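Reading through the structure tokens given below for one structure.
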Amino acid sequence: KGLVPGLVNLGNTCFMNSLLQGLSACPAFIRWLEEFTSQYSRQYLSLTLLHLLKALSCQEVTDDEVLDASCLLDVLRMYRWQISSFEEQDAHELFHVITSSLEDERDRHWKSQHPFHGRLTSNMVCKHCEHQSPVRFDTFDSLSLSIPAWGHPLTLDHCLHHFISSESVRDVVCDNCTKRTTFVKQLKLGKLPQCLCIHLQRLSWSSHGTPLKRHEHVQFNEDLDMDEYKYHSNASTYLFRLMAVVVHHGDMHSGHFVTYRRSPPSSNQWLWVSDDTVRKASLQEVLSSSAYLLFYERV
Amino acid sequence: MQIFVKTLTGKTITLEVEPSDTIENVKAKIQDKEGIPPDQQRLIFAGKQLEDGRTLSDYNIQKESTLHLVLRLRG
Ligand SMILES: [Zn+2]
């Protein structure tokens, strides 16, 4: 049986257990952690994180194994994220706590940055004079995509193109037109990460003034080509493969996180992980889920 | 100076701020035009979630910077 260990839920901690199942399903991330923590053999977040992921990245060693990951929460609670140990939390916020802690830990240098780290471009041209303000590069650790509005079938490609589409920005100070005036702004992708985390924003703001859970199903594929969203015309192909899906069930206040991930080879077999419970799941169930976080790895 | 906030719909609004401003001040200005309470806002820059208490100087947020606005989904 190709089942991973489960994780106990010690008080609305599914948001952590779902992220850990997803992260351990990303082999490039674990290889980087092993390389990064190898220097300590010449406390720290990386060592605590790798101990859990190494165990979750392999088939269980004992029947119906269940682990506890709250050692990880303890160290984050001590140094990086002041949160309770019983309140519901956002798995995407935790992903950024972990990713920020590792960049801080790396800063303190022949080793590479972690594989989630990418860079986006921002181009802007004034519509008045038609002069192109200098490009701006910002790093990213995940793509947070707004879900568009009868939208027929809704696809991840649509959400990506909307994130990359140009927009009209009024009232910005043109240096040539010296001024304000109206600009065209557009975000593209400069450097793609080896590990790509896609965040589908399932919370919007209502016309009334209250959050709205977005239940709509966004179609996503096991294979993802990212060429259409690159800034630069380089010749390198950019093909990504689905490693794991974090799914959120419920409304805005209440909810539950679940994770679909691949089985570890000691491949094309999938698992449904809900905290302490691990089931074999078919690819059909995976592709029909309501994705929240998507973990892709470059092939 | 002048910065950008990528909003919940993907529209990018313009804000007038100073490098000495705290981000709770900036979350206040996002509330002015978007109506989102500060406690419900998560501002991300350079892969970092911006911590209420610091200023834009500690994060080195310069002119024409693009902050990204996302909500918190508990589970
Ligand atoms: Zn101009």
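The numbers here are math on the coordinates, done by the rules we state, and not lab data. Virtual Cβ from ideal backbone geometry, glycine too; neighbours counted across all protein chains shown.
Quick notes on this structure:
- Extreme residue, farthest from the other protein chains (Cβ to nearest Cβ), among residues of the range A:241-251 that are surrounded by fewer than 16 Cβ atoms within 10 Å (Cβ to Cβ) and not acidic (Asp, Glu): A:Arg241
- The single condition among (1) of a type outside the set (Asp, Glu); (2) within 21 Å of the chain's Cα centre (by Cα); (3) away from chain B (no Cβ under 14 Å); (4) under 28 Å from B:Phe45 (Cβ atoms) that A:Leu7 does not satisfy is (4).
- Residue match in the range B:16-29 (condition: within 11 Å of another protein chain (Cβ to nearest Cβ) and within 11 Å of the chain's Cα centre (by Cα)): no
- Scanning the range B:46-75 for residues that are within 11 Å of the chain's Cα centre (by Cα) and facing chain A (nearest Cβ under 7 Å) yields B:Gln49, B:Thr66, B:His68, B:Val70.
- Qualifying positions in the range A:12-33 - within 14 Å of another protein chain (Cβ to nearest Cβ) and part of a loop (DSSP other than H, G, I, E, B): A:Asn12, A:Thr13
- Where a residue in the range A:169-191 is aromatic (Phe, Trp, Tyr) and its partner, wherever it lies, is surrounded by 13 or more Cβ atoms within 10 Å (Cβ to Cβ), with Cβ under 6 Å and at least six apart: A:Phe183/A:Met124; A:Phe183/A:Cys126; A:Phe183/A:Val169; A:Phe183/A:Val172
- Of everything listed in (1) away from the ligand (no atom under 16 Å from the Cβ); (2) over 15 Å from the mean Cα position of the chain (by Cα), the single unmet condition for A:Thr99 is (2).
- Exclusive hit being touching a strand residue (DSSP E or B) at 6+ places or on another chain (Cβ under 8 Å) and closer than 28 Å to A:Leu287 by Cβ, set A:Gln194, A:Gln186: A:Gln194
- Residue selection: B:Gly75 fails the criterion of being in contact with a strand residue (DSSP E or B) (Cβ under 8 Å, 6 or more places away or on another chain), closer than 24 Å to A:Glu88 by Cβ and loosely packed, with under 15 Cβ neighbours inside 10 Å.
- Any chance A:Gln59 is within 11 Å of another protein chain (Cβ to nearest Cβ) and either closer than 21 Å to A:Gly11 by Cβ or surrounded by 12 or more Cβ atoms within 10 Å (Cβ to Cβ) (or both): no
- Where A:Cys195 falls short, out of the listed (1) within 16 Å of the ligand (Cβ to nearest atom); (2) away from chain B (no Cβ under 11 Å); (3) of a type in the set (A, V, I, L, M, F, W, C); (4) surrounded by 18 or more Cβ atoms within 10 Å (Cβ to Cβ): (1)
Residues are listed down the side, and each one gets a yes or a no for (1) within 14 Å of another protein chain (Cβ to nearest Cβ); (2) within 16 Å of the ligand (Cβ to nearest atom); (3) surrounded by 15 or more Cβ atoms within 10 Å (Cβ to Cβ); (4) closer than 24 Å to B:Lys6 by Cα:
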site	(1), (2), (3), (4)
A:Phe163	yes, no, yes, yes
A:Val169	yes, yes, yes, yes
A:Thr178	no, yes, no, no
A:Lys188	yes, no, yes, yes
A:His199	yes, no, yes, yes
A:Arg214	yes, no, yes, yes
A:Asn221	no, no, no, no
A:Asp225	no, no, no, no
A:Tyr231	no, no, yes, yes
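- Within this structure, A:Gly209 fails the test of being more than 16 Å from the ligand (Cβ to nearest atom), within 14 Å of chain B (Cβ to nearest Cβ), of a type in the set (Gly, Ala, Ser) and over 22 Å from B:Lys6 (Cβ atoms).
- Hits in the range A:125-144 - residues which are at the interface with chain B (Cβ under 8 Å from one of its Cβ atoms) and either crowded, with 21+ Cβ neighbours inside 10 Å or more than 16 Å from the ligand (Cβ to nearest atom) (or both): A:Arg136, A:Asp138, A:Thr139, A:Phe140, A:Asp141, A:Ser142, A:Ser144
- When the test is whether a residue is surrounded by 13 or more Cβ atoms within 10 Å (Cβ to Cβ) and touching a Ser or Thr at 6+ places or on another chain (Cβ under 7 Å), A:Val278 does not pass it.
- Among (1) within 14 Å of chain B (Cβ to nearest Cβ); (2) surrounded by fewer than 19 Cβ atoms within 10 Å (Cβ to Cβ); (3) part of a helix (DSSP H, G or I), the one test that A:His92 misses: (2)
- Residue in the range A:102-124 that is farthest from the other protein chains (Cβ to nearest Cβ), counting only those that are among the hydrophobic types (A, V, I, L, M, F, W, C) and more than 16 Å from the ligand (Cβ to nearest atom): A:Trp110
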